[PDB]
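Below are the chains, spelled out letter by letter.
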Amino acid sequence: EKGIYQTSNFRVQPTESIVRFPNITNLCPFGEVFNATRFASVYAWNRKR
Amino acid sequence: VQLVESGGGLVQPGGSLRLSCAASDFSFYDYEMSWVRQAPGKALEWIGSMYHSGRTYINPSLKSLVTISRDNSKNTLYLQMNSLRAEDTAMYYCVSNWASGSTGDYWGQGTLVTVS
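Residues numbered from 1 in each chain as written, not as in the entry; some residues may be left out. Chains lettered and ligands numbered in written order. Part of a larger assembly, values for the part shown. Heavy atoms only, no water.

Method of structure determination, per the deposited record: cryo-EM was used for this entry, reaching 3.6 Å resolution.

### Digging into the overall build of chain B
How we decide: Helix and strand definitions follow DSSP, with helices as H or I runs of at least four residues and strands as E runs of at least two, each counted in order from the N terminus. The size measure is the radius of gyration over C-alpha atoms, and the globule rule it meets is 2.2 Å times the number of residues to the 0.38 power. Type-normalised accessible area, obtained with a 1.4 Å probe on protein chains alone, sets the label of each residue: buried when under 20%, exposed when over 50%, and partly exposed for intermediate values. The criterion used for residue contact is that any of the two residues' heavy atoms lie within 4.5 Å.
In terms of helices and strands, chain B carries 0 helices and 7 strands. The helix and strand sequence of chain B, counted from the amino end, reads β-β-β-β-β-β-β. For 116 residues, the compact-globule estimate of 2.2 N^0.38 gives 13 Å, and the C-alpha radius of gyration of chain B, at 14 Å, lies within 12% of that figure. If one aligns the C-alpha atoms of chain B with their principal axes, the spans along those axes are about 40 × 30 × 25 Å. Taking all 116 residues of chain B together, the buried fraction comes to 31%. At a minimum sequence separation of 6, the contacts of chain B that also span at least 24 residues come to 54%.

### Structural notes on the overall build of chain A
Keep this limit in mind: Only the protein chains shown count as cover for residues, with accessible areas throughout obtained via the Shrake-Rupley method and a probe of 1.4 Å.
Regarding its fold elements, chain A presents 0 helices and 0 strands. Counting only C-alpha atoms, chain A reaches 90 × 20 × 15 Å along its principal axes. Going through the 49 residues of chain A one by one, you find that 4% of them count as buried. For chain A, the computed accessible surface area is about 6200 Å², with 56% contributed by carbon and sulfur atoms.

### Considerations on the packing of aromatic side chains
All names here are of chain A. Using the following cut-off: Centre distance within 6.5 Å is the pairing criterion for rings of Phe, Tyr and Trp, where only the six-membered ring of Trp is used; planes under 30 degrees apart are then read as stacked, over 60 as edge-to-face, and the remainder as tilted.
Counting across every chain of the model gives 2 aromatic pairs over all chains. An angle of 80 degrees between the planes, with centres 5.5 Å apart, marks the rings of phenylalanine 30 and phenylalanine 34 as edge-to-face. Judged on exposure class, the residue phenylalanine 30 and its partner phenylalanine 34 are both exposed.

### Looking at the interface of chain B and chain A
As a reminder, the rule being used: Any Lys or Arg side-chain nitrogen found within 4 Å of a carboxyl oxygen on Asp or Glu counts as a salt bridge. A 3.5 Å cut-off defines polar contacts: any pair of N or O atoms within that distance qualifies, except that in protein one atom must be a possible hydrogen donor and the other a possible acceptor, and neighbouring residues in sequence count only when both atoms are side-chain atoms. Each residue is assigned to one of three groups, with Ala, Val, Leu, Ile, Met, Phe, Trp, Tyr, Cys and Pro labelled nonpolar, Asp, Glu, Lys and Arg labelled charged, and all others, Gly among them, labelled polar.
Chain B puts 10 residues into the contact, and the matching count from chain A is 8 residues. At the boundary of chain B with chain A, the tally comes to 0 salt bridges. Counting the contacts that link chain B with chain A gives 3 residue pairs in polar contact. Looking at the side of chain B that touches chain A residue by residue, the class counts come to 6 nonpolar, 4 polar and no charged.

### A look at the state of the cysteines
Residue and element names in this part refer to chain B. Definition in use: Count a disulfide wherever a pair of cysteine sulfur atoms falls within 2.5 Å.
Tallying each qualifying case throughout the model produces 1 disulfide over all chains. Covalent S-S linkage joins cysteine 21 and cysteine 94, the inter-sulfur distance amounting to 2.0 Å. Here the residue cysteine 21 occupies a position in strand β1 (residues 21-22), and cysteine 94 occupies one in strand β7 (residues 91-96), the gap between them amounting to 73 residues. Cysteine 21 gets classed as buried once you look at its relative accessible area, which sits at 7%.

### Some thoughts on unusual backbone geometry
Cis peptide bonds are those with omega within 30 degrees of zero, and the linkage from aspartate 30 of chain B to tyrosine 31 of chain B qualifies with 0 degrees. Within the fold, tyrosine 31 of chain B resides in the loop between β1 and β2 (33-38). Of note, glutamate 16 of chain A is a non-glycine position whose phi angle comes to about 60 degrees, a positive value. Since its relative accessible area comes to 73%, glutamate 16 of chain A is described here as exposed. Phi angles above zero are rare outside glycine, and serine 83 of chain B is one such case at about 55 degrees.

### Concerning the side chain of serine 34 of chain B
As for its placement among the helices and strands, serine 34 of chain B is situated in strand β2. At a separation of 3.1 Å, a polar atom in the side chain of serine 34 of chain B contacts the side chain of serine 49 of chain B.

This is the structure in structure tokens:
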């Protein structure tokens, strides 16, 4: 019959998910063990937290 | 510098030479000590090393003229090299806590030596 009927809804689907992080490059301390200028001895290793 | 060395000078080929560097506390020499020198135009040449008890191992390449005396109360150790040849016009160094690693050793300055 004549009139106005509500059938469904509408929704704009999104694209291009975006992830943003700050300049978190504070320390990254691996140059003291990986490529030390003078490598540590065999039995006196260096422990660096 | 907290580590000084005494000895050297112009010596006729064949003389003797000595170096003196000392510490103060009994526990500062834990646990490894050695010696090293850098002649101009020469790479690193390790000679010998010893632990607290005094057991020594020496590089076999130049192990014929090695003699070392050690003290504990004076907190010292001496590397004595004799028969001064014409290839020792460089600077020497003694090191405390040699094996502790890259950041666990303290270096010195040495003295000039003239050889003909």
